[PDB]
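Novice: Before we start, here is the structure in question, set down as structure tokens.
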Amino acid sequence: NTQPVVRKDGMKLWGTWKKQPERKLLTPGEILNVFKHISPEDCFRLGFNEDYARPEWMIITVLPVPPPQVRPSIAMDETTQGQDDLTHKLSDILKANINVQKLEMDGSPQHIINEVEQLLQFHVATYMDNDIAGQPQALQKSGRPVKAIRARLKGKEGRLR
Amino acid sequence: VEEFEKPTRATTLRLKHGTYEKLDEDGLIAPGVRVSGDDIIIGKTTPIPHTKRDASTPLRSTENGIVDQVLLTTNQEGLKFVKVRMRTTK
Amino acid sequence: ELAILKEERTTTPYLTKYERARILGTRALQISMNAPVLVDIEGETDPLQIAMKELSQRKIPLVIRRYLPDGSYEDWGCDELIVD
Amino acid sequence: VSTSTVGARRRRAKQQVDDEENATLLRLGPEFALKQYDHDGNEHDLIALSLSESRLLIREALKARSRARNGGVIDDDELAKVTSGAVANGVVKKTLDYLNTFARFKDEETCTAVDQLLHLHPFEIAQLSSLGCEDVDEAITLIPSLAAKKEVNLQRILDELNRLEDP
Amino acid sequence: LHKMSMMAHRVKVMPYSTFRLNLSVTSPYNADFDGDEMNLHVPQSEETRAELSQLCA
Amino acid sequence: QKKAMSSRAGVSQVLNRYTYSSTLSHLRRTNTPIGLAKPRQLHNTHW
Amino acid sequence: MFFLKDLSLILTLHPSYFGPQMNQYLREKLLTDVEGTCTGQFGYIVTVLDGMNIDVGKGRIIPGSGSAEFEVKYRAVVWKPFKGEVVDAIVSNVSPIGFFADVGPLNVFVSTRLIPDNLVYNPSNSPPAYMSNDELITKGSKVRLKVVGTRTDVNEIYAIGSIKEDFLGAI
Amino acid sequence: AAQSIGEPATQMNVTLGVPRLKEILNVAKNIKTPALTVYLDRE
Amino acid sequence: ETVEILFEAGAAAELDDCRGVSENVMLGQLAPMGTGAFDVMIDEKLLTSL
Amino acid sequence: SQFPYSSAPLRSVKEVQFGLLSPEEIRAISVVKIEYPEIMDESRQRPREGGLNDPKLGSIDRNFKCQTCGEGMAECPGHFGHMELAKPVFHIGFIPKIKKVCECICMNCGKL
Amino acid sequence: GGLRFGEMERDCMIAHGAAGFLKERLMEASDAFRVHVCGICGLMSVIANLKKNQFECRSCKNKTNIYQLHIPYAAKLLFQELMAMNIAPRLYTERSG
DNA sequence: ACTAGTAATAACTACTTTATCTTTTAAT
DNA sequence: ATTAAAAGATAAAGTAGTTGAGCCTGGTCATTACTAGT
RNA sequence: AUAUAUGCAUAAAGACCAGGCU
Ligand SMILES: [Mg+2]
Ligand SMILES: [Zn+2]
Ligand SMILES: [Zn+2]
């Protein structure tokens, strides 16, 4: 067959096939299925590790949930206990996931599925990295930007330094 | 609503380790009383949703002085509003 | 395998400042933990002073394992390293 | 608490199914595999001690401990009293009481003869010199190791075990 | 800026609330007495006490 | 309140009451929202 | 059952014992802390051999504590149960719900389901026993069993045996 | 060595000073004041 | 570039030998520098010679 | 030396191995599945079972100990959970590199 | 509050050669913590119960090859965050070579 | 027939990348 | 013999990181239109 | 057969913003 040309647009991979050409969206499922077929020798020769760093693990299909020690419970005023930015972001991600499931079991207005999936992908990305260039960052409820793990790690006031 | 009163261990929880004997029956310390650090100057208790817990503001840990003035008034909402001014010599 | 024979040691026979400080600290801690003393105690009460007195008389029972960059090591007794 | 020479075996991407132990399939686990490592790391065969051989080695170790402690001076109770510690003493008397009654060859000359006669998985020689065998059918029924060898000759070896060794 | 900005000293307990310094150690510390604040750390072990006494003195 | 960012900050400040001269100086203060040493110099036109 | 193993132990020595007799003290610690113990990977430890002149090596001074760490390598004899291995034992207690047997320090329990139906428990016998036609199992009688399960609690091993096969029973 | 080199930098027609030190350290492909010193023959 | 380096290390399955000083500091160990550039043994021979 | 005694031997880290967490490993290390958006049941303490603050995840207060390790907040290091996603999601830190892989292997047979 | 031992102080201690003082300042005078690791996965997923002395690793079904380490609490938090970001930093106490 | 919870509403320097160019080669 | 095809050199343009240490003080931490209790 | 429970003697807000200190 003829390979396509892959371009990056925000958090999307646009694949154009030169046949006029045809431009389509590279869904994570298809890319993960393609990656799962890579032979161990080809994985080794691609700079990846068969035992430690497999390419298809680069696509997220299950999300780890850190213990409350990573996201300690906060109390805005005395008895009332608030939640950290990570807690709210995980709650929003889980709400998006259950929305995806509950709308998938229902009818399929494909555009709605596409936009809900894009919203879920945006939420996951802002959970991992809220400093994505080219698009507006996710705002917290109070209006301040969401403090992601990337912001916690880097910086002079970050974790390492 | 919160209450300005002298708290006791029999009806209030989460009391501070400071001195509560310098307060009056209204939870406010009289002016002209020499006070040291880590002492309660305003006594406020708040009910829980031992039905009350302590929310009293103490003196600064590394600060001493004499209570100079005590002001009591009402805010916009309609509840109590207290300001305690303490004076010391450097 | 990784050890180096006594007749093939090429490191300096002197005691470095870092080695001296480490031995003094270890000996002081051991003396403070009720260890036998190999020298007489006349009037000194500080374990650091006792360790220094032991070092001056070359009686500290410790061995320095100097590590070569490759991984091999040389074992030097504290009684054979020259102390300035 | 204690550790052996065999270690490492860190996590891999693909899990291994053959992990459980079963003597019928002659699987002994990674700790007691066919090849072990000595002090210098050289490959060595697995050492299996039969009850007579175990009796001889325990008696030798206890007499060596007596030489080390008392200094140049017979009974199971005495050997149990040689060591110290309530748990260790109880364990040693229990194992001596189990071993002396069930030791097939309790004398050194017969032990040397068995050495020679014995002279193949070490579990097989251990089980042949450990538990009594009188018939080929019962020998293969008790443990299936003798059932499938393709060089069996159980008649002559069992005749030796019954006549040359202790019946 | 350099290793001379952090050195091991011997404690002398004195009244009043200011650290006292010899005038000859101001230049390596790059400090004057117009309101400078300086920090002190106390070792909590014999080995680190010996390290401070024999290396950073 | 919604647009916390992309807005000038520090326009209004708490008045200084350490002394009379400090209060007057605070009441007669100007600032430039530039946050390059060219604008920091004392120009001749500042006379 | 009885195996020969190569073991290594890490021993911590306090600075208070830094004397000329420290080798013997380390040997005493090894003798105390090896024999009579049990481990999951190795099983019950019977004893150690040639422990009078074992090589203790050179100590490791732990930074900040001053204690010495010694890695002692030794050759010992141990005892480890095996799945499916038949063994001779002497029984201790006999109950309708099952009976126990002793193999060295190990206690192997045989449940009533694992005795053939010919043998029947009888409390009236003195001592209480499992009897059948020309078959007798009292307390302290030699029996043959087959281990059909092993489980470890770090400190001890627990095993279950069955006598539901041919050429297995009292001898 | 790093401290002994950075310490004088606090105290302190070709480019000289802190800009020149930064230009050297960064290995700039473009030089603010490029120059060549050419020596001639003895005669 | 802490997060970028960490992500690249995770993707490339790099191994850290912990021979430098920074990773010894962040792990709270004795760095192999100065007084930590060696190990101190026990002199069995001299103690026995007593 | 203020930590409680543990029978596990104490040593120091000598090698750090980096890599990616496989979904099987993520499911294995987890102790609870998180699926309920809500936090409280009816606002009388007792957080939702399987929620974002499940007691099996860890303990942060002295009133309740950890239900997985059994120790208090001073010793419990925290325990991870897993959440299943309906659809696969790209990793923001791995957006370009995956594309590079897309320029190396085929999109049908998955071969270089 | 507590005074800050910044990066320049660490550099000065490195120049001085006092490794033990730096170690005690950054561990004993700060957030020291004890963690448990598994000798197979190398990950910090070991469930430990010191009251009844039970150590277990769910993933590798391990109960014996488990070690304990003394690390800064900030290092523990960093490793947990890396695990949360689908990165697996495995701490091994032996060199594979 | 009214009320209050309540939830949703920066330049400097560098690297990398892309398209342009074009020279190159074998084909007209 | 001469020029269409084109693989590849590379010139030009778009994109992206990152900024000296610590210390102190004070201030803030939304908002309002939809729908259920008595 | 006990007898109700009608009870609790310290919990650690953190993140941003602004103004100063050498
Ligand atoms: Mg000054
Ligand atoms: Zn726990
Ligand atoms: Zn594991």
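As shown in the structure tokens, the chain order sets the letters A, B, ...; within each chain, residues go from 1, and ligands are also counted from 1 in the order they appear.
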Once DSSP has gone over the backbone, tell me which residues of chain K are in strand (DSSP E), as a PyMOL selection string.
Specialist: chain K and resi 32-38+46-49+54-57+66-72+90-92
Novice: Residues contacting ligand 2 - anything with an atom at most 6 Å away, using only C-alpha atoms (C1' of nucleotides) and all ligand atoms - can you give me those as a ChimeraX atom specification?
Specialist: /J:58,66,68-71,76,78
Novice: Would you name the residues within 9 Å of ligand 3, counting only C-alpha atoms (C1' of nucleotides) and all ligand atoms, and put them as a VMD selection string?
Specialist: (chain D and resid 10 to 11) or (chain J and resid 29) or (chain K and resid 37 to 46 56 to 63 65 to 66)
Novice: Filtering to C-alpha atoms, could you give me those residues as a PDB file, in the first residue's frame?
Specialist:
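Listed below is the output, selection-v3.pdb:
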```
ATOM      1  CA  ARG D  10      13.474  -9.206  37.891  1.00  0.00           C
ATOM      2  CA  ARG D  11      10.092  -8.505  36.313  1.00  0.00           C
TER       3      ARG D  11
ATOM      4  CA  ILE J  29      -0.537  -2.289  41.067  1.00  0.00           C
TER       5      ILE J  29
ATOM      6  CA  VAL K  37      10.253  -1.671  47.288  1.00  0.00           C
ATOM      7  CA  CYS K  38       9.962  -5.008  45.568  1.00  0.00           C
ATOM      8  CA  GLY K  39      12.993  -6.869  44.309  1.00  0.00           C
ATOM      9  CA  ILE K  40      11.288  -7.750  41.036  1.00  0.00           C
ATOM     10  CA  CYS K  41       9.219  -4.822  39.724  1.00  0.00           C
ATOM     11  CA  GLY K  42      11.360  -2.303  41.498  1.00  0.00           C
ATOM     12  CA  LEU K  43       8.227  -0.277  42.015  1.00  0.00           C
ATOM     13  CA  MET K  44       6.877   1.228  45.232  1.00  0.00           C
ATOM     14  CA  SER K  45       3.694  -0.869  45.215  1.00  0.00           C
ATOM     15  CA  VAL K  46       4.587  -3.112  48.170  1.00  0.00           C
ATOM     16  CA  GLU K  56       3.246  -8.447  49.766  1.00  0.00           C
ATOM     17  CA  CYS K  57       3.495  -7.296  46.135  1.00  0.00           C
ATOM     18  CA  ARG K  58       0.252  -7.770  44.191  1.00  0.00           C
ATOM     19  CA  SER K  59       1.799  -7.505  40.748  1.00  0.00           C
ATOM     20  CA  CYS K  60       4.721  -9.901  41.085  1.00  0.00           C
ATOM     21  CA  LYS K  61       3.115 -12.119  43.735  1.00  0.00           C
ATOM     22  CA  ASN K  62       6.159 -11.518  45.890  1.00  0.00           C
ATOM     23  CA  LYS K  63       6.398 -11.803  49.645  1.00  0.00           C
ATOM     24  CA  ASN K  65      12.292 -10.342  47.954  1.00  0.00           C
ATOM     25  CA  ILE K  66      11.232  -6.983  49.397  1.00  0.00           C
TER      26      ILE K  66
END
```
Novice: Grab me every residue within 8 Å of ligand 1, counting only C-alpha atoms (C1' of nucleotides) and all ligand atoms, and send it over as a list in words.
Specialist: residues 31, 32, 33, 34, 35 and 36 of chain E; 22 of chain N
Novice: Using only C-alpha atoms (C1' of nucleotides), determine which residues lie at most 10 Å from residue 27 of chain L, disregarding the query and same-chain residues fewer than 2 positions distant; provide the list as a PyMOL selection string.
Specialist: (chain L and resi 25) or (chain M and resi 2-5)
Novice: Emit the selected residues as a PDB file, in the first residue's frame, including N, CA and C atoms (P, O5', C5', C4', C3', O3' and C1' of nucleotides).
Specialist:
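The resulting file, again-v1.pdb, is reproduced below:
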```pdb
ATOM      1  P    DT L  25      25.751  14.155 -11.473  1.00  0.00           P
ATOM      2  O5'  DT L  25      24.661  13.227 -12.191  1.00  0.00           O
ATOM      3  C5'  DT L  25      23.733  12.479 -11.409  1.00  0.00           C
ATOM      4  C4'  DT L  25      22.587  11.969 -12.268  1.00  0.00           C
ATOM      5  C3'  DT L  25      23.013  11.169 -13.499  1.00  0.00           C
ATOM      6  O3'  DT L  25      22.747   9.788 -13.293  1.00  0.00           O
ATOM      7  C1'  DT L  25      21.203  12.698 -13.968  1.00  0.00           C
TER       8       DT L  25
ATOM      9  P    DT M   2      24.480  17.607 -29.507  1.00  0.00           P
ATOM     10  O5'  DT M   2      22.985  17.400 -28.974  1.00  0.00           O
ATOM     11  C5'  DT M   2      22.062  18.483 -29.024  1.00  0.00           C
ATOM     12  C4'  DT M   2      20.718  18.080 -28.446  1.00  0.00           C
ATOM     13  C3'  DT M   2      20.308  18.841 -27.190  1.00  0.00           C
ATOM     14  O3'  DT M   2      18.888  18.925 -27.127  1.00  0.00           O
ATOM     15  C1'  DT M   2      20.501  16.583 -26.662  1.00  0.00           C
ATOM     16  P    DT M   3      18.179  20.214 -26.479  1.00  0.00           P
ATOM     17  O5'  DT M   3      17.173  19.597 -25.398  1.00  0.00           O
ATOM     18  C5'  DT M   3      15.946  19.000 -25.819  1.00  0.00           C
ATOM     19  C4'  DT M   3      15.308  18.190 -24.696  1.00  0.00           C
ATOM     20  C3'  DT M   3      14.787  18.999 -23.513  1.00  0.00           C
ATOM     21  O3'  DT M   3      13.711  18.291 -22.900  1.00  0.00           O
ATOM     22  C1'  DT M   3      16.503  17.602 -22.769  1.00  0.00           C
ATOM     23  P    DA M   4      12.281  18.989 -22.682  1.00  0.00           P
ATOM     24  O5'  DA M   4      11.465  17.921 -21.809  1.00  0.00           O
ATOM     25  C5'  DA M   4      10.977  16.725 -22.418  1.00  0.00           C
ATOM     26  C4'  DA M   4      10.867  15.585 -21.410  1.00  0.00           C
ATOM     27  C3'  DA M   4      10.085  15.894 -20.140  1.00  0.00           C
ATOM     28  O3'  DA M   4       9.386  14.730 -19.711  1.00  0.00           O
ATOM     29  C1'  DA M   4      12.380  15.480 -19.607  1.00  0.00           C
ATOM     30  P    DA M   5       8.517  14.744 -18.358  1.00  0.00           P
ATOM     31  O5'  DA M   5       9.519  14.154 -17.260  1.00  0.00           O
ATOM     32  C5'  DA M   5      10.329  13.027 -17.579  1.00  0.00           C
ATOM     33  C4'  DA M   5      10.895  12.376 -16.326  1.00  0.00           C
ATOM     34  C3'  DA M   5      10.151  12.674 -15.036  1.00  0.00           C
ATOM     35  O3'  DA M   5      10.234  11.542 -14.182  1.00  0.00           O
ATOM     36  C1'  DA M   5      12.346  13.617 -14.944  1.00  0.00           C
TER      37       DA M   5
END
```
Novice: May I have the residues within 10 Å of segment 7-9 of chain M as a list in words, using only C-alpha atoms (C1' of nucleotides) and disregarding those fewer than 2 positions away in the same chain?
Specialist: residues 21, 22, 23, 24 and 25 of chain L; 5 and 11 of chain M
Novice: Keeping only N, CA and C atoms (P, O5', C5', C4', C3', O3' and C1' of nucleotides), write the selected residues as a PDB file, in the first residue's frame.
Specialist:
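selection.pdb was written with the following content:
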```pdb
ATOM      1  P    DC L  21      11.643  29.420  -5.248  1.00  0.00           P
ATOM      2  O5'  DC L  21      13.045  28.722  -5.570  1.00  0.00           O
ATOM      3  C5'  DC L  21      14.132  28.885  -4.670  1.00  0.00           C
ATOM      4  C4'  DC L  21      15.187  27.816  -4.888  1.00  0.00           C
ATOM      5  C3'  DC L  21      15.757  27.740  -6.309  1.00  0.00           C
ATOM      6  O3'  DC L  21      17.163  27.929  -6.263  1.00  0.00           O
ATOM      7  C1'  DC L  21      15.226  25.581  -5.474  1.00  0.00           C
ATOM      8  P    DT L  22      17.983  28.328  -7.585  1.00  0.00           P
ATOM      9  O5'  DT L  22      19.203  27.298  -7.579  1.00  0.00           O
ATOM     10  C5'  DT L  22      19.027  26.004  -7.015  1.00  0.00           C
ATOM     11  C4'  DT L  22      19.558  24.937  -7.949  1.00  0.00           C
ATOM     12  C3'  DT L  22      19.456  25.282  -9.436  1.00  0.00           C
ATOM     13  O3'  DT L  22      20.607  24.817 -10.122  1.00  0.00           O
ATOM     14  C1'  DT L  22      18.316  23.271  -9.014  1.00  0.00           C
ATOM     15  P    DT L  23      21.918  25.739 -10.241  1.00  0.00           P
ATOM     16  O5'  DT L  23      23.109  24.745  -9.856  1.00  0.00           O
ATOM     17  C5'  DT L  23      23.055  24.011  -8.636  1.00  0.00           C
ATOM     18  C4'  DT L  23      22.835  22.531  -8.901  1.00  0.00           C
ATOM     19  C3'  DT L  23      23.696  21.943 -10.016  1.00  0.00           C
ATOM     20  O3'  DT L  23      24.765  21.190  -9.454  1.00  0.00           O
ATOM     21  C1'  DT L  23      21.420  21.120 -10.052  1.00  0.00           C
ATOM     22  P    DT L  24      25.821  20.438 -10.403  1.00  0.00           P
ATOM     23  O5'  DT L  24      25.179  18.987 -10.607  1.00  0.00           O
ATOM     24  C5'  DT L  24      24.678  18.271  -9.486  1.00  0.00           C
ATOM     25  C4'  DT L  24      23.740  17.162  -9.928  1.00  0.00           C
ATOM     26  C3'  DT L  24      24.272  16.288 -11.056  1.00  0.00           C
ATOM     27  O3'  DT L  24      24.882  15.116 -10.523  1.00  0.00           O
ATOM     28  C1'  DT L  24      21.903  16.763 -11.250  1.00  0.00           C
ATOM     29  P    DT L  25      25.751  14.155 -11.473  1.00  0.00           P
ATOM     30  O5'  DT L  25      24.661  13.227 -12.191  1.00  0.00           O
ATOM     31  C5'  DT L  25      23.733  12.479 -11.409  1.00  0.00           C
ATOM     32  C4'  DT L  25      22.587  11.969 -12.268  1.00  0.00           C
ATOM     33  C3'  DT L  25      23.013  11.169 -13.499  1.00  0.00           C
ATOM     34  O3'  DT L  25      22.747   9.788 -13.293  1.00  0.00           O
ATOM     35  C1'  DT L  25      21.203  12.698 -13.968  1.00  0.00           C
TER      36       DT L  25
ATOM     37  P    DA M   5       8.517  14.744 -18.358  1.00  0.00           P
ATOM     38  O5'  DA M   5       9.519  14.154 -17.260  1.00  0.00           O
ATOM     39  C5'  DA M   5      10.329  13.027 -17.579  1.00  0.00           C
ATOM     40  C4'  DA M   5      10.895  12.376 -16.326  1.00  0.00           C
ATOM     41  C3'  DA M   5      10.151  12.674 -15.036  1.00  0.00           C
ATOM     42  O3'  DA M   5      10.234  11.542 -14.182  1.00  0.00           O
ATOM     43  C1'  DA M   5      12.346  13.617 -14.944  1.00  0.00           C
ATOM     44  P    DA M  11      22.477  27.198   1.067  1.00  0.00           P
ATOM     45  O5'  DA M  11      21.561  28.453   0.683  1.00  0.00           O
ATOM     46  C5'  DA M  11      20.807  28.436  -0.526  1.00  0.00           C
ATOM     47  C4'  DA M  11      19.406  28.987  -0.309  1.00  0.00           C
ATOM     48  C3'  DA M  11      19.297  30.101   0.727  1.00  0.00           C
ATOM     49  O3'  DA M  11      18.416  31.113   0.257  1.00  0.00           O
ATOM     50  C1'  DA M  11      17.887  28.284   1.344  1.00  0.00           C
TER      51       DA M  11
END
```
Novice: Quick one, how far is atom CA of residue 29 of chain C from atom CA of residue 50 of chain E?
Specialist: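 Spanning atom CA of residue 29 of chain C to atom CA of residue 50 of chain E is a straight-line distance of 9.7 Å.
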Novice: For chain A versus chain L, which residues have an atom no more than 12 Å away, and what is each residue's nearest atom pair and distance in Å rounded to one decimal, using only C-alpha atoms (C1' of nucleotides), chain-then-number order, as CSV?
Specialist:
```
residue,atom,partner,partner_atom,distance
A:7,CA,L:17,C1',11.9
A:139,CA,L:9,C1',11.9
A:140,CA,L:9,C1',11.9
A:141,CA,L:9,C1',9.2
A:142,CA,L:9,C1',10.6
A:143,CA,L:9,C1',10.3
```
Novice: Next, the residues of the selection above should be written as a PDB file, in the first residue's frame with N, CA and C atoms.
Specialist:
```
ATOM      1  N   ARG A   7       0.477  14.949   9.854  1.00  0.00           N
ATOM      2  CA  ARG A   7       0.714  16.299  10.338  1.00  0.00           C
ATOM      3  C   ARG A   7       0.108  16.449  11.727  1.00  0.00           C
ATOM      4  N   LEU A 139      -9.155  26.378  32.640  1.00  0.00           N
ATOM      5  CA  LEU A 139      -9.302  27.227  33.812  1.00  0.00           C
ATOM      6  C   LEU A 139      -9.958  26.453  34.947  1.00  0.00           C
ATOM      7  N   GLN A 140      -9.519  26.735  36.169  1.00  0.00           N
ATOM      8  CA  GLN A 140     -10.191  26.206  37.343  1.00  0.00           C
ATOM      9  C   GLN A 140     -11.528  26.927  37.532  1.00  0.00           C
ATOM     10  N   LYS A 141     -12.331  26.424  38.473  1.00  0.00           N
ATOM     11  CA  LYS A 141     -13.640  27.017  38.725  1.00  0.00           C
ATOM     12  C   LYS A 141     -13.518  28.479  39.139  1.00  0.00           C
ATOM     13  N   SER A 142     -12.555  28.792  40.007  1.00  0.00           N
ATOM     14  CA  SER A 142     -12.368  30.160  40.474  1.00  0.00           C
ATOM     15  C   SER A 142     -11.866  31.102  39.386  1.00  0.00           C
ATOM     16  N   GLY A 143     -11.430  30.578  38.242  1.00  0.00           N
ATOM     17  CA  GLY A 143     -10.936  31.379  37.143  1.00  0.00           C
ATOM     18  C   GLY A 143      -9.437  31.316  36.947  1.00  0.00           C
TER      19      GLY A 143
END
```
Novice: So the first atom is atom CA of residue 51 of chain J and the second is atom CA of residue 81 of chain J; what is the distance between them in Å, to one decimal place?
Specialist: 10.2 Å
Novice: Which residues are close to residue 45 of chain I, i.e. within 10 Å by only C-alpha atoms (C1' of nucleotides), leaving aside same-chain residues fewer than 5 positions away? Reply as number ranges by chain.
Specialist: C: 61, 77; G: 20; I: 50
Novice: Near segment 19-33 of chain D, within 10 Å and counting only C-alpha atoms (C1' of nucleotides), which residues show up once chain neighbours fewer than 6 positions away are dropped, as a ChimeraX atom specification?
Specialist: /D:4-7,9,45-48,121,123-124,143-145 /G:3-5,41-42,82-86,147-150
Novice: Save out the residues we just selected, N, CA, C and O atoms, as a compact mmCIF listing (two decimals), in the first residue's frame.
Specialist:
```txt
# COMPACT_ATOMS: atom_id res chain seq x y z
N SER D 4 20.50 -16.74 49.28
CA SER D 4 21.33 -17.71 48.59
C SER D 4 22.03 -17.05 47.40
O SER D 4 21.88 -15.86 47.14
N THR D 5 22.80 -17.86 46.68
CA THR D 5 23.54 -17.35 45.53
C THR D 5 22.61 -16.99 44.38
O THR D 5 22.84 -16.01 43.67
N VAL D 6 21.56 -17.78 44.18
CA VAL D 6 20.63 -17.54 43.08
C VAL D 6 19.69 -16.40 43.45
O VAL D 6 19.03 -16.45 44.49
N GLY D 7 19.63 -15.38 42.60
CA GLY D 7 18.77 -14.23 42.84
C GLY D 7 18.38 -13.57 41.54
O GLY D 7 18.12 -14.26 40.54
N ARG D 9 16.37 -12.24 38.69
CA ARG D 9 15.06 -12.64 38.17
C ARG D 9 14.03 -11.53 38.35
O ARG D 9 12.98 -11.70 38.98
N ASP D 45 26.37 -29.35 40.37
CA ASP D 45 25.15 -30.14 40.38
C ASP D 45 24.42 -30.00 41.71
O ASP D 45 25.03 -29.72 42.75
N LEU D 46 23.10 -30.17 41.67
CA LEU D 46 22.30 -30.11 42.88
C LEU D 46 22.64 -31.27 43.80
O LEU D 46 22.78 -32.41 43.35
N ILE D 47 22.78 -30.98 45.09
CA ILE D 47 23.17 -31.98 46.08
C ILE D 47 21.92 -32.37 46.87
O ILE D 47 21.34 -31.54 47.58
N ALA D 48 21.52 -33.62 46.74
CA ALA D 48 20.39 -34.17 47.48
C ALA D 48 20.90 -35.21 48.47
O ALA D 48 21.67 -36.10 48.10
N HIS D 121 18.69 -37.65 37.95
CA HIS D 121 18.32 -36.59 38.87
C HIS D 121 18.67 -36.99 40.30
O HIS D 121 18.39 -38.13 40.70
N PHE D 123 17.21 -36.24 42.94
CA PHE D 123 15.98 -36.60 43.64
C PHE D 123 15.70 -38.09 43.52
O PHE D 123 15.21 -38.72 44.47
N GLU D 124 16.03 -38.69 42.37
CA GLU D 124 15.79 -40.12 42.18
C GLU D 124 16.67 -40.96 43.09
O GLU D 124 16.18 -41.89 43.75
N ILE D 143 6.23 -43.09 43.39
CA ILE D 143 6.68 -41.87 42.71
C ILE D 143 6.88 -42.19 41.24
O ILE D 143 7.58 -43.16 40.90
N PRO D 144 6.31 -41.41 40.32
CA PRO D 144 6.38 -41.73 38.89
C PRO D 144 7.73 -41.44 38.24
O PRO D 144 7.83 -41.55 37.02
N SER D 145 8.75 -41.05 39.00
CA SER D 145 10.06 -40.80 38.41
C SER D 145 10.66 -42.07 37.82
O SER D 145 11.24 -42.04 36.73
N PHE G 3 18.16 -31.32 52.05
CA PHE G 3 18.94 -30.78 50.94
C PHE G 3 20.15 -30.04 51.49
O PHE G 3 20.18 -29.62 52.65
N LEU G 4 21.16 -29.89 50.64
CA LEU G 4 22.36 -29.11 50.95
C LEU G 4 22.28 -27.79 50.19
O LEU G 4 22.09 -27.78 48.97
N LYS G 5 22.45 -26.68 50.91
CA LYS G 5 22.26 -25.35 50.34
C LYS G 5 23.43 -24.44 50.69
O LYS G 5 24.18 -24.67 51.64
N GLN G 41 11.59 -19.33 50.85
CA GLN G 41 12.31 -19.78 49.66
C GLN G 41 13.14 -21.03 49.92
O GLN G 41 13.28 -21.86 49.01
N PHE G 42 13.69 -21.18 51.12
CA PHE G 42 14.60 -22.29 51.42
C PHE G 42 13.96 -23.40 52.24
O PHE G 42 14.39 -24.55 52.13
N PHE G 82 7.96 -30.91 49.65
CA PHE G 82 7.72 -30.93 48.22
C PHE G 82 6.30 -31.40 47.92
O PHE G 82 5.75 -32.25 48.62
N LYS G 83 5.72 -30.83 46.87
CA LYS G 83 4.40 -31.24 46.41
C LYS G 83 4.48 -32.62 45.75
O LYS G 83 5.33 -32.85 44.89
N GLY G 84 3.59 -33.52 46.16
CA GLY G 84 3.52 -34.83 45.55
C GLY G 84 4.59 -35.81 45.98
O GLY G 84 4.67 -36.90 45.41
N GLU G 85 5.40 -35.46 46.98
CA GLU G 85 6.46 -36.34 47.45
C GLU G 85 5.94 -37.21 48.59
O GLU G 85 5.41 -36.70 49.58
N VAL G 86 6.09 -38.53 48.45
CA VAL G 86 5.69 -39.45 49.50
C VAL G 86 6.79 -39.52 50.56
O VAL G 86 7.98 -39.36 50.27
N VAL G 147 2.48 -35.74 50.29
CA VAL G 147 2.18 -34.33 50.49
C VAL G 147 1.39 -33.80 49.31
O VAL G 147 1.79 -33.95 48.15
N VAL G 148 0.25 -33.17 49.60
CA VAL G 148 -0.62 -32.63 48.55
C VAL G 148 -0.91 -31.16 48.82
O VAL G 148 -1.96 -30.64 48.41
N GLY G 149 0.01 -30.48 49.49
CA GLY G 149 -0.13 -29.06 49.75
C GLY G 149 0.85 -28.52 50.77
O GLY G 149 1.11 -29.16 51.79
N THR G 150 1.41 -27.34 50.50
CA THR G 150 2.36 -26.70 51.39
C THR G 150 2.08 -25.20 51.44
O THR G 150 1.74 -24.60 50.42
```
Novice: Select, as an mmCIF file with N, CA and C atoms, in the first residue's frame, those residues of chain I with any atom no more than 12 Å from chain E (distances computed using only C-alpha atoms).
Specialist:
```
data_model
loop_
_atom_site.group_PDB
_atom_site.id
_atom_site.type_symbol
_atom_site.label_atom_id
_atom_site.label_comp_id
_atom_site.auth_asym_id
_atom_site.auth_seq_id
_atom_site.Cartn_x
_atom_site.Cartn_y
_atom_site.Cartn_z
ATOM 1 N N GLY I 34 34.177 13.860 48.150
ATOM 2 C CA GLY I 34 34.859 14.226 49.376
ATOM 3 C C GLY I 34 35.062 13.069 50.331
ATOM 4 N N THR I 35 34.402 13.131 51.489
ATOM 5 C CA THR I 35 34.518 12.062 52.473
ATOM 6 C C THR I 35 33.759 10.809 52.060
ATOM 7 N N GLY I 36 32.857 10.914 51.091
ATOM 8 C CA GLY I 36 32.111 9.783 50.587
ATOM 9 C C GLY I 36 32.725 9.085 49.395
#
```
